[PDB]
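Each chain, letter by letter, is given below.
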Amino acid sequence: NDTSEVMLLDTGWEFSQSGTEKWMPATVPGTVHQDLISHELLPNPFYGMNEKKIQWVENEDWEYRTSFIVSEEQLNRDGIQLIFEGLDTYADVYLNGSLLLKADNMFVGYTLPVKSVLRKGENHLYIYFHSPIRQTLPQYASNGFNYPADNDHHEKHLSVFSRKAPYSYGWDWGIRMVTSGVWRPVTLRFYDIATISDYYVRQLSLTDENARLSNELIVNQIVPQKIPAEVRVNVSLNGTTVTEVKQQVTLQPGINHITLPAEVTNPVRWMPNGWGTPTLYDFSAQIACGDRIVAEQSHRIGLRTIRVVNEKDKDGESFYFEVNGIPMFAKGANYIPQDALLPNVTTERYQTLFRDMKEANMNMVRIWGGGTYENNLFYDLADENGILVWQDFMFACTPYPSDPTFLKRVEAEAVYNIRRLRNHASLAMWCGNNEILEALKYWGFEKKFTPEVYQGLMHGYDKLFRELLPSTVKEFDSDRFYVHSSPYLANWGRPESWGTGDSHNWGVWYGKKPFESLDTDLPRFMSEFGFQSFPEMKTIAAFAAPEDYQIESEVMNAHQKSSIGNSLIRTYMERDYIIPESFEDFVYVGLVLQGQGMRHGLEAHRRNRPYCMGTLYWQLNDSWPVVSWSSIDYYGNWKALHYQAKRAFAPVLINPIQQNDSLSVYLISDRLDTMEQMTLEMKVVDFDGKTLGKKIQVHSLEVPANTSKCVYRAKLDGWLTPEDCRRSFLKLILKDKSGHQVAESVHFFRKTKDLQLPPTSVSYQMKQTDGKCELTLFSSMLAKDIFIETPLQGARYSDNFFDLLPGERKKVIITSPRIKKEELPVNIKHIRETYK
Ligand SMILES: OC[C@H]1CN[C@@H](O)[C@@H](O)[C@@H]1O
Ligand SMILES: [Br-]
Ligand SMILES: [Br-]
Ligand SMILES: [Br-]
Ligand SMILES: [Br-]
Ligand SMILES: [Br-]
Ligand SMILES: [Br-]
Ligand SMILES: [Br-]
Ligand SMILES: [Cl-]
Ligand SMILES: [Cl-]
């Protein structure tokens, strides 16, 4: 890289509750709450009813200190810069008697010149964190109304006054832990001549023949003299130079703007997951002053075009992604913070979450606007997994202030994070907020405030989301799409709006609509829809003692943040399943339910391309142990929904859909190549494994690239009696001309509660090696929605939550670093076992 030296300020930190003068070791990056936990000064916040027990923290102020040594040689470098990648939130930063900074925005990184303030020998850094509650109580007192941020779990809704992660105040799947601290790294850089403050690789054009780039650098030179320099940009792939360009300059004191064009002939394109390789070039910019490289900065760069097509059409207004010139059906989910305490999220946890997205056939993730702008690692992993990123700005579900001071704060954060993120191949679009305009129009605020205050909120909306944010995107990321809000117009109660742009269809769940409604209530793009489940028993055991395994234990209830939820789960369960008498069986069936219902929607959305061009379910993941809409619980365990999403998002899918006592079969493909001379084969099998009638064959089928087409239709009457529909299933298989199987599905003709499932034992043989367990499962009769349950937290399965078919063996590999060459406890559940 270059001649600079970096000192990480990540050890030797102490913290103190202000006014106590009592100090203890801290971990940085970190949080006040974690530091307290680490010294048993707080109980496990996620356990039982500990939520109320930890709230006192947000009322105190907190101080952090560290000491470090600087040598005479270090102090003689031309420049010395202290960088805070993140301070949560109101932080007075002192070094050696100087107030360097009064921080006030969790989402902004600060770079501070400190050479003239540093001393040879010991140097003392000291940070005072004002309570974000006590900082904002006087601001609320001045305001004369309470903003309607119902997810802020306090009588006074103070969240809206602070540029701090909205979810930290609470959410409808989240614990309240209003934390503070040095939440991202602190670095001291000792350098000569200059630093590169920003490097932007701006793609000017891209064809199969040529990529044209403009390398835009901002160089901050710290010395008083004029300094001859050569700027060099090297473009490489897998360690081999593809192109190199240079420019002679003379760097002036202060900011210098340097622009070097570069071209890449016959570029290797970045493709999204499912369509090819997510190829990334390495672009390195260096400043050379004579022999020495005084500054260097690199980015991984993907060469691709992303256009968001949002245009008036015959159906209303389209909303879809075109990637490298091809309409790409979006398949993915909404991402929330992985933890209540952000610095606790490790590299390994980020890697695993991406492995979970990639393995479920996803190509998109929405970074929802009540969390954070994610760390750099998150976007790097999106780049290398070919996952497009929809980035909200951090505003959600409430109007916000719009006074000049506040807007200037927000402007700083928008500029910072835009420049931080704009080089990522995965970055697809920006969205001003989550649900704010929908809130303003439909959530009844006009009965909560004076007409004057309401008008003020409406004008304040425009100032921020229709003016400041789009203008900032236009200036700093001019070829990326921005939309002011998600959903921008469509509302779930208003079918007339559903052909316009993206939908959050909360008809299912909030409107109590059955999952079958998802076949009829179609959006142009589904940016949210969802259904809750209790996480599995090992996760419940992590927050509850066995006496508090009920639905409505006090316990229990502390881990259900919606209000609404437990009763809705039982209501929906009764529609399709027998409600089990035991809590453990209810948990298992609720997982099955969430997975089955949701996959029915995912299937409808893809089936109804091109009217519908994407589906992002609510929600991928959890921030703590809780009952929620997630497909993956806090401990990384896949719920049934994650396996079902994987199946529903398979590049080629056979989709049987039965409505009005009739069956249709669609073939759905997101491949880039067309498949020709295909055969769909079907057969009706009873629960004892006996074929009813004969095989049905449909030959000569084509499955064009990026299409959903019906290839088969039949009435049930005259084919199967009501009795057969209760006692049999349909096997569907698709094969190429040579008879190689490319897809398979199973279809049931009745609701699970209406099936005549036989009593059955699932037997298994277990071959255990290191970190691995191979089970071979057998049942002579159908075992419905089987759940292979192990007590090992985070264990991975090759499959789970599937129907084990009569007399058809099935191999499942379980993996975990904790499986020893044995021995693994296995409990196999299936539907019939849940009642008598
Ligand atoms: O209520 C579930 C979710 C609905 N919409 C999302 O944008 C989130 O605010 C909620 O947690
Ligand atoms: Br300096
Ligand atoms: Br600086
Ligand atoms: Br300049
Ligand atoms: Br009011
Ligand atoms: Br706009
Ligand atoms: Br169906
Ligand atoms: Br039907
Ligand atoms: Cl505890
Ligand atoms: Cl980070």
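Rules of the game
- Residues numbered from 1 in each chain as written, not as in the entry; some residues may be left out.
- Chains lettered and ligands numbered in written order.
- Heavy atoms only, no water.
- Residues with missing side-chain atoms left out of burial classes, pairs and counts.
- Helix = DSSP H or I, 4+ residues; strand = E, 2+ residues; numbered from the N terminus.
- Contact = heavy atoms within 4.5 Å.
- Polar contact = N/O pair within 3.5 Å; in protein donor to acceptor, adjacent residues only side chain to side chain.
- Domains from an automatic or database assignment.
- Buried area = accessible area lost by both parts, 1.4 Å probe.
- Salt bridge = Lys/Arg side-chain N within 4 Å of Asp/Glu carboxyl O.
- Near = heavy atom within 4 Å.
- Areas by Shrake-Rupley, 256 points an atom, 1.4 Å probe, with all protein chains shown as cover.
- Nonpolar A, V, L, I, M, F, W, Y, C, P; charged D, E, K, R; others polar.
- Patch = residues over 30% accessible without salt bridge, like charges linked within 9 Å, V, L, I, M, F, W, Y side chains within 5 Å.
- 1 Å grid on protein atoms, 1.4 Å probe; cavity = no way out; pocket = protein on both sides within 12 Å on 5 of 7 lines; lining within 4 Å.
- Points joined across faces, edges and corners; volume = space filled by probe spheres on them.

Draft legend 1. Molecular detail of the environment of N637. For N637, the location among the structural elements is in the loop between β32 (614–617) and α15 (640–648). Counting along the chain gives 99 residues from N637 to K538, while the straight-line C-alpha distance between them is 9.5 Å. Residues in contact with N637, not counting those within four places in the same chain, are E536, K538, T539, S631, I632, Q793, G794 and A795. A polar contact of 2.9 Å, which involves the side chain of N637, links it to the side chain of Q793.

Draft legend 2. Seen up close, the domain arrangement of the chain. Each domain of the chain was delimited in the assignment, giving domain 1 (1–192), domain 2 (193–302), domain 3 (303–649), domain 4 (650–751) and domain 5 (752–836). One C-alpha centre belongs to domain 3, the other to domain 4, and the line joining them spans 32 Å. Tallying the contact residues gives 17 residues for domain 3 and 15 residues for domain 4. Interface of domain 3 and domain 4: buried area, both sides summed, is about 1300 Å²; carbon and sulfur atoms make up 47% of it. When the buried area of domain 3 at its contact with domain 4 is split by residue, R606, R607 and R609 rank highest and sum to 45% of it. Across the domain 3-domain 4 interface, the total number found is four salt bridges. Of the charged contacts in the structure, one is a salt bridge between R609 and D670, with a shortest N-O distance of 3.4 Å.

Draft legend 3. Structural detail: the site of ligand 1. For ligand 1, the full set of nearby residues is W171, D172, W173, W368, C397, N434, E435, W506, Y510, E528, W618 and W629. Measuring from an oxygen atom of ligand 1, one finds a side-chain N or O atom of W368 at 3.0 Å. Within the side chain of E435, a nitrogen or oxygen atom sits 3.2 Å from a nitrogen atom of ligand 1. In the complex, 96% of the free accessible area of ligand 1, which totals 300 Å², lies under the protein chains. In terms of residue class, the shell around ligand 1 is made up of eight nonpolar, one polar and three charged. Residue-level mapping places the shell around ligand 1 at the junction of two domains, with at least three residues from each of domain 1 (1–192) and domain 3 (303–649).

Draft legend 4. Geometry of a nonpolar patch on the surface. Side chains of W492, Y510 and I564 sit close together on the surface and give an oily, nonpolar patch of about 240 Å² of accessible area. Tracing the backbone through its elements, the reader meets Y510 in the loop between β30 (502–504) and α10 (517–520).

Draft legend 5. Local environment of empty space enclosed by the protein. If you add up the space inside the largest cavity, you get close to 70 Å³. Together, 14 residues line the largest cavity, and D88, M106, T179, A340 and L342 are the ones closest to its centre. For the lining of the largest cavity, the class distribution of residues is nine nonpolar, three polar and two charged. Formed jointly, the lining of the largest cavity draws a minimum of three residues from each of two domains, domain 1 (1–192) and domain 3 (303–649). The space that makes up the second largest cavity amounts to roughly 50 Å³.

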